[PDB]
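Q: One structure is given below, represented as structure tokens, and several questions about it will come after.
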Number of protein chains: 2
Amino acid sequence: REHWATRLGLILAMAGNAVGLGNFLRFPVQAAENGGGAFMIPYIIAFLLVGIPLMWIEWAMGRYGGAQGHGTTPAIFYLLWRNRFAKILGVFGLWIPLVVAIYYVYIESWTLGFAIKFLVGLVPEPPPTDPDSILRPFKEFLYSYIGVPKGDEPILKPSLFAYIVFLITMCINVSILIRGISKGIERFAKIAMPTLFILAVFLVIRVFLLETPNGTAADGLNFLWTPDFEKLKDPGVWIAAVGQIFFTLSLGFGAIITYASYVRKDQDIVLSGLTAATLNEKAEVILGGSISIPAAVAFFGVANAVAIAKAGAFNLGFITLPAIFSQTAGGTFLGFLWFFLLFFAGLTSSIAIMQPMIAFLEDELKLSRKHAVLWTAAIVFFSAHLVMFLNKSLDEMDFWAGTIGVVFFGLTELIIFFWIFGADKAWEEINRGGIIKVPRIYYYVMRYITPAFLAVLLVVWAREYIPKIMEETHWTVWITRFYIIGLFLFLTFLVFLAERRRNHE
Amino acid sequence: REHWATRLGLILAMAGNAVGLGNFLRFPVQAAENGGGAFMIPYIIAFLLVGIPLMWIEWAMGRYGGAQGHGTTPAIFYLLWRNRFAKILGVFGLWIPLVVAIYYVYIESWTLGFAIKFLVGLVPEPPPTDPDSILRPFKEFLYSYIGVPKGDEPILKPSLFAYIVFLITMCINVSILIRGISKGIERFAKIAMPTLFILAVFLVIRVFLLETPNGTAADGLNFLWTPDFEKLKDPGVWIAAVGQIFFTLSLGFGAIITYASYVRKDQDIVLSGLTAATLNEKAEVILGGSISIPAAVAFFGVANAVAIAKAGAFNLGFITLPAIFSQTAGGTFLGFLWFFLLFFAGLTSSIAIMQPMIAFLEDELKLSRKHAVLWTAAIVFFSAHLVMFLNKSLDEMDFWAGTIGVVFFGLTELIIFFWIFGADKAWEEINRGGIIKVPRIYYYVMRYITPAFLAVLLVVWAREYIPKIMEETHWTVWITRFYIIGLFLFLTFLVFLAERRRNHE
Ligand SMILES: CCCCCCCCO[C@@H]1O[C@H](CO)[C@@H](O)[C@H](O)[C@H]1O
Ligand SMILES: CCCCCCCCO[C@@H]1O[C@H](CO)[C@@H](O)[C@H](O)[C@H]1O
Ligand SMILES: CCCCCCCCO[C@@H]1O[C@H](CO)[C@@H](O)[C@H](O)[C@H]1O
Ligand SMILES: CCCCCCCCO[C@@H]1O[C@H](CO)[C@@H](O)[C@H](O)[C@H]1O
Ligand SMILES: CCCCCCCCO[C@@H]1O[C@H](CO)[C@@H](O)[C@H](O)[C@H]1O
Ligand SMILES: CCCCCCCCO[C@@H]1O[C@H](CO)[C@@H](O)[C@H](O)[C@H]1O
Ligand SMILES: CCCCCCCCO[C@@H]1O[C@H](CO)[C@@H](O)[C@H](O)[C@H]1O
Ligand SMILES: CCCCCCCCO[C@@H]1O[C@H](CO)[C@@H](O)[C@H](O)[C@H]1O
Ligand SMILES: CCCCCCCCO[C@@H]1O[C@H](CO)[C@@H](O)[C@H](O)[C@H]1O
Ligand SMILES: CCCCCCCCO[C@@H]1O[C@H](CO)[C@@H](O)[C@H](O)[C@H]1O
Ligand SMILES: *SCC1=CC(C)(C)N(O)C1(C)C
Ligand SMILES: *SCC1=CC(C)(C)N(O)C1(C)C
Ligand SMILES: CC(C)C[C@H](N)C(=O)O
Ligand SMILES: CC(C)C[C@H](N)C(=O)O
Ligand SMILES: [Cl-]
Ligand SMILES: [Cl-]
Ligand code: NA
Ligand code: NA
Ligand code: NA
Ligand code: NA
């Protein structure tokens with residue numbers, strides 16, 4: 001088995017797994033939409049009651065699996081629970097990350113294309129203070145790039161440059177992944193994360209200096225960090241907060257498991273997992289939280305910045321932020337630094353959500369790394385055509401895989417490891433080699449509190465909101481559902497082939 | 001390896017492979033649309049210059065492959081031409097029949113559902129002689145069954161009964177296939193083909209008695225069998241005639257190859273292939289040609305019967321014919337016999353276009369018959385959802401796989417076997433064990449004439465008509481193209497896995 005060379009490379013690979021577009025694009029939008037500081041209490045709580053414990057459970061599952069030659073959940077679930085159903089439930093830890101990779105890599109490619117365009121100055125000039133005369137050239141710029149539909153038909157027409165940048169993006173992911181764990185992901189992480197950190201701190205400082213007639217950066221911080229105890233009653237905030245925790249810590253995606261399967265059997269995971277987790281939250285609440293929303297609030301005031309966050313997932317980061325930067329000296333280059341930040345943030349994360357399919361092909365079907373990586377990249381690339389051309393396919397995949405699915409899978413992996421395999425064996429396995437011990441109270445959190453909290457949330461989700469997505473959506477959502485159900489069946493088929501290949505020896 | 005038990009079972013399995021919906025639904029429509037007897041000269045010629053020779057080439061390829069443990073074209077092409085590209089071109093002999101199976105099995109299920117409904121009398125009464133007041137209840141009956149779109153959206157809403165009959169249909173195919181070659185396909189063929197023959201002769205006799213103020217059955221025969229030498233110049237007729245030959249003889253679909261791979265290395269294929277071919281043409285021109293068109297012409301005259309054939313692929317067989325029967329005593333039951341005829345015709349053919357994927361899984365991935373058949377059925381069933389719900393997906397698959405693809409593949413398999421592997425070795429291999437020898441002139445037909453004829457036709461096809469299908473169609477055709485390109489990549493992936501499984505020993 002491959003192994004992480006260094007402790008530092010390990011922590012930074014895992015930190016890069018976690019620190020991604022979630023931190024810089026998703027977090028701000030979810031925080032702004034859900035009351036700012038009102039979002040934050042549930043967020044911090046979700047972190048303490050869901051984030052930390054699942055992080056520890058997945059590193060533990062992964063290291064355990066790795067010591068026996070298996071880094072993905074079809075195998076690892078079965079090693080934990082020797083029942084053929086364990087294998088099928090385990091297909092979600094290949095499918096989720098594959099499906100999420102199919103849209104994430106595309107969004108990551110938009111950051112590269114914008115980075116390119118901003119650096120070279122092929123961007124709009126807004127005229128030489130009507131907000132709409134400034135936002136509109138940027139809305140059009142995003143809209144042409146991805147080809148948002150101008151008519152009735154739910155079809156996208158991405159620009160040729162978008163398409164080619166997607167190819168290139170795929171190529172860069174491959175060039176890292178194909179070199180493997182220590183020479184690829186890990187060497188890359190040691191360069192990308194300090195660059196990410198520097199760029200983000202530069203950006204936070206630049207944002208902190210913005211001041212207009214409508215506000216300062218300080219107002220955005222007060223908005224975000226000022227508690228609204230009203231909203232502690234709204235189930236929507238909680239659902240928002242918990243989904244964000246999972247997305248941002250990469251929990252429920254098989255990705256932490258797979259990375260942890262390269263940790264040596266002996267090596268600490270308790271301190272290392274906490275540090276990765278903590279590096280992610282710093283990057284999210286300190287860096288990601290201090291760029292977009294304070295910039296938006298400085299220029300437009302709170303009400304308008306909230307309205308913008310509710311407008312679309314990408315308005316804030318791809319339209320408003322560069323629009324704002326465009327009104328400041330050297331603003332095109334700050335846009336470049338922002339997109340370049342997003343890109344490296346994306347790329348360190350996308351390699352992490354392709355590695356599970358790679359590990360499965362290597363571990364279970366005995367493909368060479370080269371073939372495993374190329375077939376993985378070919379599947380993602382191909383599938384991404386749906387997300388590039390069918391309007392709102394991105395959204396449907398992000399809902400099934402990236403939102404519901406991850407919460408489902410987190411509860412599942414928790415029940416398999418901490419209830420079926422056994423709480424006391426799970427605890428011992430988490431703690432073994434630990435440089436620190438998990439605090440004892442977390443035992444009761446893992447066994448009782450975390451599974452209750454997730455099961456309740458999932459019930460509320462399936463009742464109050466998923467009937468709307470099955471009933472209020474355009475018919476073309478069935479194109480996406482059909483395809484990704486197919487991907488699941490394809491993956492179940494490879495699990496089957498892998499089980500026959502075993503028997504045959 | 002499995003083998004056909006008996007010579008008779010062999011011939012009748014192969015005859016059942018060929019004799020299908022092509023004979024009873026496709027042929028009449030293509031003949032009527034293309035001038036009747038005007039179609040027939042090119043048809044007969046295509047049979048002599050394409051049909052017979054390719055039949056012999058595919059049995060030969062199949063038997064050859066079988067003796068070495070391989071019944072599908074990824075392996076057999078490579079056995080003939082040891083170049084990795086041979087393996088990829090060979091994926092068409094899995095993909096074509098899989099894609100065609102995805103819509104054919106659905107159409108076959110419509111014949112079962114109608115057979116059921118006609119037997120039990122749950123059919124429309126037209127009122128107690130305005131043609132439209134009689135055709136319309138039948139148009140509505142087909143339209144509700146399959147759920148033809150009533151509005152703007154290209155979405156189908158098949159009835160629940162249609163859907164469940166599709167399941168049952170899948171189940172019946174599986175029940176035959178899962179018993180294997182001799183105990184399944186072959187035992188089934190010995191029952192189904194004499195039933196098919198009896199039912200069709202009953203139907204021809206009943207049709208021959210029809211007479212109305214607008215004509216007799218005799219007029220339909222004269223129409224079909226009366227040469228129009230004008231049309232010998234229209235390339236469209238020729239393209240029509242040749243596509244029909246391929247479809248009806250199952251050439252270019254990997255299916256004859258795969259069945260022939262169960263013939264023992266020694267056993268004749270020259271006489272046996274000719275007989276299968278000849279049984280098919282009898283069933284097509286004598287039986288299939290004598291039911292629909294003479295019935296239509298008896299009731300409506302020639303001009304109107306031609307207009308009906310041009311109206312739709314299914315108007316003649318699912319709407320007009322039962323409508324006509326409805327005006328005669330015992331007419332609901334004749335409809336039943338007609339649908340039951342179609343069903344058995346379909347079922348003996350659909351098992352033949354699923355067996356290649358089965359053989360590939362058995363031969364190359366070493367699945368048991370059971371698993372190979374179940375995974376095959378699951379893939380077809382799943383994929384058929386596209387054809388059941390997306391209006392015109394059926395048509396796009398029938399064009400790429402069932403029309404262009406088969407002509408492409410026929411030329412390819414001809415070049416691989418008779419040019420690359422070697423004309424003299426191909427000839428010797430065709431003739432070995434022969435109970436009769438292939439006439440010598442066919443050597444020059446196979447090497448020179450057949451490949452020229454197909455290459456010319458394919459060039460004319462790609463020039464005069466496929467730019468229209470890439471340019472004049474609704475956007476949703478890309479849903480189907482995307483999916484079936486995906487199927488191709490999936491199959492290429494299994495070929496890859498099969499080549500690694502080999503190496504690993
Ligand atoms: C190689 C895989 C084949 C799948 C079919 C995808 C064809 C991509 O099509 C390309 O899309 C771009 C973006 O809209 C267009 O601008 C290009 O001109 C077009 O050629
Ligand atoms: C590393 C960056 C890759 C650059 C990809 C080139 C995309 C080209 O883009 C195309 O070509 C023209 C360029 O002159 C444009 O004017 C066209 O509108 C555009 O379709
Ligand atoms: C399900 C995903 C399918 C995507 C395949 C779309 C192929 C690209 O579409 C093709 O190229 C151009 C680019 O949009 C169009 O203008 C052309 O008319 C079309 O043929
Ligand atoms: C409210 C849920 C979050 C749990 C936070 C736990 C913080 C650590 O809590 C500490 O754990 C030590 C190690 O077991 C104990 O010995 C200490 O008494 C305790 O303060
Ligand atoms: C590829 C074939 C797709 C067509 C299937 C459409 C079936 C119609 O069902 C659709 O389901 C949508 C999503 O749940 C609902 O929002 C709509 O009410 C409904 O039109
Ligand atoms: C089992 C594979 C799941 C794929 C989703 C397909 C769901 C089929 O949906 C079924 O279609 C019928 C035909 O229109 C409807 O009449 C039924 O009421 C409906 O439940
Ligand atoms: C072997 C034949 C299988 C029969 C499948 C039953 C299909 C039922 O069909 C359904 O149920 C009702 C029957 O009372 C109909 O009236 C409904 O309209 C229909 O949706
Ligand atoms: C690409 C093929 C996708 C087919 C999946 C369609 C699932 C069936 O569609 C579902 O069931 C009913 C039957 O049409 C609809 O009325 C429901 O609103 C829809 O949810
Ligand atoms: C025009 C293309 C169709 C070919 C029809 C060939 C019919 C058989 O032709 C016969 O073949 C025998 C065997 O080689 C010869 O010995 C005979 O001379 C010849 O009549
Ligand atoms: C699943 C994503 C599908 C959307 C892709 C649509 C790309 C637009 O290209 C379409 O191609 C059709 C077929 O070649 C042409 O007939 C049309 O002119 C055109 O709208
Ligand atoms: S460089 C990445 C790449 C190129 C191509 C051959 C088009 N691919 O399938 C991948 C995604 C492997
Ligand atoms: S009986 C045929 C059948 C049933 C089901 C389990 C739904 N399938 O996948 C197949 C098509 C095998
Ligand atoms: C799917 C995950 C890799 C996403 C990553 N945790 C991010 O926040 O963007
Ligand atoms: C695809 C083939 C099996 C079709 C069969 N030759 C028929 O005429 O219907
Ligand atoms: Cl662009
Ligand atoms: Cl019905
Ligand atoms: Na994150
Ligand atoms: Na990242
Ligand atoms: Na036929
Ligand atoms: Na048949």
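Chain identifiers are assigned as A, B, and so on, following the order in which chains appear in the structure tokens; residues are numbered from 1 within each chain, and ligands are numbered from 1 in order of appearance.
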Could you list, as number ranges by chain, all residues that come within 6 Å of ligand 6? Count only C-alpha atoms and all ligand atoms.

A: B: 157-160, 163

Q: I need the contact residues of chain B against chain A, so if you could list those with any atom within 9 Å, counting only C-alpha atoms, and return them as a PyMOL selection string, that would help.

A: chain B and resi 153+155+365-367+375+379+382-383+385-386+475+479+482-483+486+489-490+493+497+500-501

Q: Please dump the current selection as a PDB file, in the first residue's frame; keep C-alpha atoms.

A:
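Below is the file that was written, selection-v7.pdb:
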ATOM      1  CA  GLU B 153     -43.156  18.467 -23.908  1.00  0.00           C
ATOM      2  CA  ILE B 155     -42.305  13.218 -22.611  1.00  0.00           C
ATOM      3  CA  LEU B 365     -15.529 -12.141 -17.489  1.00  0.00           C
ATOM      4  CA  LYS B 366     -16.405 -15.699 -16.456  1.00  0.00           C
ATOM      5  CA  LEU B 367     -19.779 -14.952 -14.980  1.00  0.00           C
ATOM      6  CA  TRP B 375     -27.054  -8.478 -15.213  1.00  0.00           C
ATOM      7  CA  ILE B 379     -29.047  -3.306 -17.941  1.00  0.00           C
ATOM      8  CA  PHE B 382     -32.951  -0.006 -16.735  1.00  0.00           C
ATOM      9  CA  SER B 383     -31.941   1.532 -20.038  1.00  0.00           C
ATOM     10  CA  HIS B 385     -36.669   3.745 -19.208  1.00  0.00           C
ATOM     11  CA  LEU B 386     -35.282   6.214 -21.651  1.00  0.00           C
ATOM     12  CA  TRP B 475     -32.721  18.946 -28.696  1.00  0.00           C
ATOM     13  CA  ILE B 479     -30.169  12.866 -24.196  1.00  0.00           C
ATOM     14  CA  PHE B 482     -25.274  10.882 -24.613  1.00  0.00           C
ATOM     15  CA  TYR B 483     -26.651   7.774 -22.958  1.00  0.00           C
ATOM     16  CA  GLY B 486     -22.025   6.156 -22.383  1.00  0.00           C
ATOM     17  CA  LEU B 489     -17.718   3.524 -23.017  1.00  0.00           C
ATOM     18  CA  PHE B 490     -19.094   1.188 -20.368  1.00  0.00           C
ATOM     19  CA  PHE B 493     -14.441  -0.586 -19.954  1.00  0.00           C
ATOM     20  CA  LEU B 497     -11.375  -5.437 -17.477  1.00  0.00           C
ATOM     21  CA  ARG B 500      -6.655  -7.440 -17.439  1.00  0.00           C
ATOM     22  CA  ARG B 501      -8.370 -10.596 -16.096  1.00  0.00           C
TER      23      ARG B 501
END

Q: Find the residues around residue 16 (chain A) up to 10 Å (only C-alpha atoms counted), leave out those fewer than 6 positions away in its own chain, and share them as number ranges by chain.

A: A: 10, 185-186, 188-190, 192-193, 196, 276, 279-280, 344-352

Q: Please write out the residues within 12 Å of ligand 2 as a ChimeraX atom specification, counting only C-alpha atoms and all ligand atoms.

A: /A:109,112-117,119-120,122,144-145,157-169,171-172

Q: Neighbours of ligand 19 within 8 Å, counting only C-alpha atoms and all ligand atoms, as an NGL selection string?

A: :B and (17-23 or 247-250 or 280-281 or 283-284)

Q: Show me, as a PyMOL selection string, the residues that have an atom within 9 Å of region 84-98 of chain B when counting only C-alpha atoms, minus same-chain residues fewer than 4 positions from it.

A: chain B and resi 72-80+102+252-255+257+352-357+360+376+379-380+400-402+405-406+409+412-413+416+484+487-488+491-492+495

Q: Show me a table, sorted first by chain and then by increasing residue number, of the residues of chain B having an atom at most 10 Å from ligand 9, each with its shortest atom pair and the distance in Å to one decimal, counting only C-alpha atoms and all ligand atoms and written as a tab-separated table.

A:
residue	atom	partner	partner_atom_place_in_ligand_line	distance
B:45	CA	ligand 9	1 (C)	8.1
B:46	CA	ligand 9	2 (C)	9.9
B:47	CA	ligand 9	3 (C)	9.1
B:48	CA	ligand 9	3 (C)	5.3
B:49	CA	ligand 9	2 (C)	6.2
B:50	CA	ligand 9	2 (C)	9.8
B:52	CA	ligand 9	3 (C)	9.0
B:53	CA	ligand 9	3 (C)	9.5
B:436	CA	ligand 9	13 (C)	9.2
B:437	CA	ligand 9	13 (C)	7.3
B:438	CA	ligand 9	14 (O)	6.7
B:439	CA	ligand 9	14 (O)	3.4
B:440	CA	ligand 9	14 (O)	4.3
B:441	CA	ligand 9	4 (C)	6.3
B:442	CA	ligand 9	4 (C)	6.3
B:443	CA	ligand 9	14 (O)	9.7
B:444	CA	ligand 9	2 (C)	9.5
B:445	CA	ligand 9	2 (C)	7.2
B:449	CA	ligand 9	2 (C)	9.6

Q: What separation in Å, quoted to one decimal, exists between atom 7 (C, counted along the ligand's line) of ligand 12 and CA of residue 393 (chain B)?

A: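 Going from atom 7 (C, counted along the ligand's line) of ligand 12 over to CA of residue 393 (chain B) covers 21.6 Å.
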
Q: From a DSSP pass on the backbone, collect the residues of region 151-381 of chain B flagged as helix (DSSP H, G or I) and hand them back as a VMD selection string.

A: chain B and resid 160 to 177 181 to 208 217 to 225 231 to 233 235 to 249 255 to 260 270 to 300 302 to 311 315 to 325 331 to 365 369 to 381

Q: Which of these, A:229, A:81, A:208, A:110, has the shortest distance to residue 342 (chain A) once you count only C-alpha atoms?

A: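 Checking each of A:229, A:81, A:208, A:110 against residue 342 (chain A), counting only C-alpha atoms, the winner is A:110.
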
Q: Region 328-336 of chain B: which residues within 12 Å, counting only C-alpha atoms, same-chain residues fewer than 5 positions away excluded, as an MDAnalysis selection string?

A: chainID B and resid 111:126 128 138 199:200 202:207 209:212 291:292 295 299 317:323 341:343

Q: Just to confirm, what's the straight-line distance from CA of residue 133 (chain B) to CA of residue 340 (chain B) in Å (one decimal)?

A: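 Value for the CA of residue 133 (chain B)-CA of residue 340 (chain B) distance: 25.9 Å.
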
Q: Find the spatial neighbours of residue 456 (chain A), counting only C-alpha atoms, within a cut-off of 12 Å - ignore same-chain residues fewer than 4 positions away - and output them as a ChimeraX atom specification.

A: /A:235,238-239,242,407-408,411,449-452,460-463

Q: Could you write out the selected residues, including N, CA, C and O atoms, as a PDB file, in the first residue's frame?

A:
ATOM      1  N   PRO A 235     -36.091  25.258  11.914  1.00  0.00           N
ATOM      2  CA  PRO A 235     -35.420  24.033  11.483  1.00  0.00           C
ATOM      3  C   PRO A 235     -34.577  24.210  10.230  1.00  0.00           C
ATOM      4  O   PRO A 235     -33.667  23.415  10.002  1.00  0.00           O
ATOM      5  N   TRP A 238     -30.858  25.083  10.996  1.00  0.00           N
ATOM      6  CA  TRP A 238     -30.209  23.843  11.433  1.00  0.00           C
ATOM      7  C   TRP A 238     -29.859  22.893  10.272  1.00  0.00           C
ATOM      8  O   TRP A 238     -28.747  22.384  10.212  1.00  0.00           O
ATOM      9  N   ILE A 239     -30.793  22.697   9.354  1.00  0.00           N
ATOM     10  CA  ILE A 239     -30.571  21.855   8.197  1.00  0.00           C
ATOM     11  C   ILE A 239     -29.452  22.435   7.316  1.00  0.00           C
ATOM     12  O   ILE A 239     -28.580  21.685   6.793  1.00  0.00           O
ATOM     13  N   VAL A 242     -26.019  22.061   9.398  1.00  0.00           N
ATOM     14  CA  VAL A 242     -25.517  20.699   9.322  1.00  0.00           C
ATOM     15  C   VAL A 242     -25.048  20.286   7.921  1.00  0.00           C
ATOM     16  O   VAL A 242     -23.998  19.667   7.804  1.00  0.00           O
ATOM     17  N   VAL A 407     -25.574  13.287   4.182  1.00  0.00           N
ATOM     18  CA  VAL A 407     -26.135  13.168   5.532  1.00  0.00           C
ATOM     19  C   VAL A 407     -26.599  11.720   5.787  1.00  0.00           C
ATOM     20  O   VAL A 407     -26.249  11.109   6.810  1.00  0.00           O
ATOM     21  N   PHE A 408     -27.290  11.154   4.802  1.00  0.00           N
ATOM     22  CA  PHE A 408     -27.606   9.738   4.768  1.00  0.00           C
ATOM     23  C   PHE A 408     -26.368   8.908   5.023  1.00  0.00           C
ATOM     24  O   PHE A 408     -26.380   8.011   5.853  1.00  0.00           O
ATOM     25  N   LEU A 411     -24.791   9.065   8.579  1.00  0.00           N
ATOM     26  CA  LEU A 411     -25.576   8.323   9.571  1.00  0.00           C
ATOM     27  C   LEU A 411     -25.301   6.843   9.395  1.00  0.00           C
ATOM     28  O   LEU A 411     -25.008   6.120  10.375  1.00  0.00           O
ATOM     29  N   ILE A 449     -25.874  10.659  20.660  1.00  0.00           N
ATOM     30  CA  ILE A 449     -26.301  12.006  20.289  1.00  0.00           C
ATOM     31  C   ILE A 449     -26.202  12.259  18.757  1.00  0.00           C
ATOM     32  O   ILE A 449     -27.177  12.692  18.134  1.00  0.00           O
ATOM     33  N   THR A 450     -25.032  12.021  18.169  1.00  0.00           N
ATOM     34  CA  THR A 450     -24.836  12.225  16.746  1.00  0.00           C
ATOM     35  C   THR A 450     -25.874  11.454  15.845  1.00  0.00           C
ATOM     36  O   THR A 450     -26.519  12.078  14.962  1.00  0.00           O
ATOM     37  N   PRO A 451     -26.022  10.112  16.038  1.00  0.00           N
ATOM     38  CA  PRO A 451     -27.048   9.400  15.255  1.00  0.00           C
ATOM     39  C   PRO A 451     -28.483   9.890  15.463  1.00  0.00           C
ATOM     40  O   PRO A 451     -29.234   9.905  14.501  1.00  0.00           O
ATOM     41  N   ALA A 452     -28.851  10.320  16.678  1.00  0.00           N
ATOM     42  CA  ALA A 452     -30.195  10.888  16.904  1.00  0.00           C
ATOM     43  C   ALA A 452     -30.366  12.206  16.114  1.00  0.00           C
ATOM     44  O   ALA A 452     -31.309  12.372  15.320  1.00  0.00           O
ATOM     45  N   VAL A 460     -37.079  15.197   9.168  1.00  0.00           N
ATOM     46  CA  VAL A 460     -37.561  16.539   8.844  1.00  0.00           C
ATOM     47  C   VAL A 460     -37.284  16.929   7.363  1.00  0.00           C
ATOM     48  O   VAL A 460     -38.164  17.485   6.694  1.00  0.00           O
ATOM     49  N   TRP A 461     -36.082  16.636   6.858  1.00  0.00           N
ATOM     50  CA  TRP A 461     -35.747  16.858   5.425  1.00  0.00           C
ATOM     51  C   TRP A 461     -36.681  16.122   4.454  1.00  0.00           C
ATOM     52  O   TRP A 461     -37.235  16.719   3.538  1.00  0.00           O
ATOM     53  N   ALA A 462     -36.818  14.815   4.647  1.00  0.00           N
ATOM     54  CA  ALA A 462     -37.692  13.993   3.803  1.00  0.00           C
ATOM     55  C   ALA A 462     -39.182  14.409   3.872  1.00  0.00           C
ATOM     56  O   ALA A 462     -39.921  14.222   2.907  1.00  0.00           O
ATOM     57  N   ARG A 463     -39.607  14.981   5.002  1.00  0.00           N
ATOM     58  CA  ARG A 463     -40.982  15.439   5.156  1.00  0.00           C
ATOM     59  C   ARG A 463     -41.208  16.836   4.568  1.00  0.00           C
ATOM     60  O   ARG A 463     -41.991  16.987   3.633  1.00  0.00           O
TER      61      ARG A 463
END

Q: What is the distance between CA of residue 268 (chain B) and CA of residue 177 (chain B), in Å to one decimal?

A: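 Result for CA of residue 268 (chain B) versus CA of residue 177 (chain B): 24.5 Å, one decimal.
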
Q: If we count only C-alpha atoms, what is near region 182-184 of chain A at a cut-off of 6 Å, once residues fewer than 6 positions away on the same chain are taken out, given as a PyMOL selection string?

A: chain A and resi 4-5+176
